[PDB]
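Ligands are counted one by one from 1 in listed order, and the atoms in each one are counted from 1 as well. Position 1 is the first residue of the sequence, and the numbers go up from there.
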Amino acid sequence: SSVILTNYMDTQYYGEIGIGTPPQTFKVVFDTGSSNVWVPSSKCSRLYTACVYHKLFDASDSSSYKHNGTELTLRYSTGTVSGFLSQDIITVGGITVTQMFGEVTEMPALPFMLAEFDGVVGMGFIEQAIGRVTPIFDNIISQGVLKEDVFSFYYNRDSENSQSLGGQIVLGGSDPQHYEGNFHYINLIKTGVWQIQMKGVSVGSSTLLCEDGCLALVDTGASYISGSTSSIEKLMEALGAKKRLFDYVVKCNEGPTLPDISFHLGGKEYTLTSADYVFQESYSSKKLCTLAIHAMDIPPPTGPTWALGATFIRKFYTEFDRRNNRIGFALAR
Ligand SMILES: CC(C)C[C@H](O)[C@H](O)[C@@H](C[C@H]1CC=CCC1)NC(=O)[C@H](Cc1csc(N)n1)NC(=O)[C@H](Cc1ccccc1)NS(=O)(=O)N1CCOCC1
């Protein structure tokens, strides 16, 4: 099965899922970085403006709903959400699955008022699941219908004409149509985490970063590529970038001349051109241009670690292999 994704300014890739009977529609981000499923709840206090601006699941309108009520809190790198568990059938690209998910009753204005989407569908392992809830992918696999025990991600560059798919997720395989050359895999380090060993990070003619090795979380739910504050501060000064709020910028006229950034993964340099990681929205020296890379200090046992998000995935088609506990990359097309 495939799920069509929408691309909002290269920073938000979301698809749709139906919940309940009849189906209640939601826009969600598919996050390989987490393992729970959640959407805003109709029981969410309207004092939270983000709940006023998003689709809300109403259990009282679903005849397939199954109550549970266990409270859970989901902590993500850029924000937190709180609520309770409920069970109901969920549709994902034609596949129907009974799923335990979180109904959110607390959703902070920042950052959710900036979300064009409603909720989240974690694509991570149960090991990372809060409340020890079974992940939606495991449940689909239990049906023993997917041809393969893997799922692929394709993130298109944002177009100006809404007739080009923003992105695509293939459940149970990959779409040859969106990648060329051969896949190149790297076995996962830790157990139950889409994280792999990174052999090095170079900025031009200097492997000035991650020498001696580091970790890399392949994160579909991340807009930018991220490293530890320390790593970023070093990379950024090597780029002549200045930190504004919590991200970096360069003088637009300087963006095109920025150097290549490479990530050594499983013996294979994955190179990002400046055109690949800078939002070139001008060429003026009188304007600032943002970089799709910022600091993100992820706590142990998963972090410290770099995180490869949409900036990276946009260039390299990614396949997440469950059976072989590995990740594969291939030139996107
Ligand atoms: C084990 C952990 C690391 C996994 C992590 O929890 C998970 O991958 C998901 C959760 C989910 C977080 C919320 C919903 C989708 C995914 N992802 C994140 O939290 C990421 C931050 C991150 C961690 S590592 C990396 N590289 N980037 N968060 C983002 O990329 C946000 C998404 C976003 C949130 C709200 C509105 C609009 C866009 N965009 S953003 O960074 O450019 N910016 C931030 C400030 O507000 C405005 C948007």
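Under 4.0 Å is where a charged nitrogen must lie from a carboxylate oxygen, and between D10 and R314 at least one such pair does. Residues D118 and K27 are not paired through a salt bridge, judged by the lack of any N-O separation under 4.0 Å between the basic side chain and the carboxylate. Note on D58 versus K43: no salt bridge recorded, every NZ/NE/NH1/NH2 to OD/OE distance being 4.0 Å or above.
Both the backbone and the side chain of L114 come within 4.0 Å of ligand 1, judged by heavy-atom distances. If you look at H294 next to ligand 1, the close heavy atoms, those under 4.0 Å, all belong to the side chain. With a 4.0 Å cut-off on non-hydrogen atoms, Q12 touches ligand 1 through its side chain and not its backbone. When non-hydrogen atoms are compared, ligand 1 lies under 4.0 Å from the backbone of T78 as well as from its side chain.
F183 and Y317 have tilted rings, their planes meeting at an angle from 30° to 60° on a 0 to 90° scale. Ring geometry for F312 versus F316: interplanar angle of 30 to 60°, hence tilted. Taking the six-membered ring where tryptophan is involved, the planes of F125 and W194 are tilted, since the angle between them lies from 30° to 60°.
Looking at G221, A292, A50, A310, it is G221 that brings a heavy atom closest to atom 20 (C) of ligand 1. The nearest non-hydrogen atom to atom 35 (C) of ligand 1, considering only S77, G124, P111, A222, comes from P111.
Taking every non-hydrogen atom of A115 and a distance limit under 4.0 Å, the qualifying atoms of ligand 1 come out as 36 (C). When each atom of ligand 1 is checked for a heavy atom of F117 under 4.0 Å away, the hits are 14 (C), 15 (C). Atoms of ligand 1 lying under 4.0 Å from at least one heavy atom of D31, given by number and element, are 7 (C), 8 (O), 9 (C), 10 (C). Counting atoms of ligand 1 from 1 in the listed order, those under 4.0 Å from a heavy atom of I298 are 3 (C). Residue-ligand proximity, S226 to ligand 1, at heavy-atom distances under 4.0 Å covers atoms 24 (S), 25 (C), 26 (N). Those atoms of ligand 1 with a heavy atom of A307 less than 4.0 angstrom away are 24 (S), 25 (C), 26 (N).
Scanning the protein for heavy atoms near atom 2 (C) of ligand 1, the closest one is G33 O, 4.2 Å. If you check which protein heavy atom lies closest to atom 10 (C) of ligand 1, you get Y76 CD2, 3.2 Å. Of the protein's non-hydrogen atoms, the one nearest atom 13 (C) of ligand 1 is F112 CE2, 3.9 Å. For atom 40 (S) of ligand 1, the closest heavy atom belonging to the protein is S223 OG, 4.0 Å.
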Check step by step if ring-ring contact (aromatic ring centres under 6.0 Å, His included) holds for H184 and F329. CA-CA 5 Å; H184 286 82; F329 288 122; 9.7 Å; no

Please test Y270 against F263 for ring-ring contact (aromatic ring centres under 6.0 Å, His included), starting from the C-alpha separation and ending with a verdict. CA-CA 5 Å; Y270 287 82; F263 308 86; 8.6 Å; no

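Taking a distance limit of 4.0 Å, we find that atom 48 (C) of ligand 1 is approached by no protein heavy atom. Checking atom 43 (N) of ligand 1 against the protein gives no heavy-atom contact under 4.0 Å.
Taking the centre and axis of the six-membered ring of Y185, the NZ or CZ atom of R326 falls inside the cone set by 45° and 6.0 Å. Note that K243 lies outside the cation-pi zone of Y248, set by a 6.0 Å cut-off to the ring centre and a 45° limit from the axis.
Donor-acceptor pairing under 3.5 Å is recorded for the side chains of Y13 and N7. No side-chain N or O of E71 forms a donor-acceptor pair with one of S82 less than 3.5 Å apart.
A heavy-atom separation below 4.0 Å is found between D219 and ligand 1.
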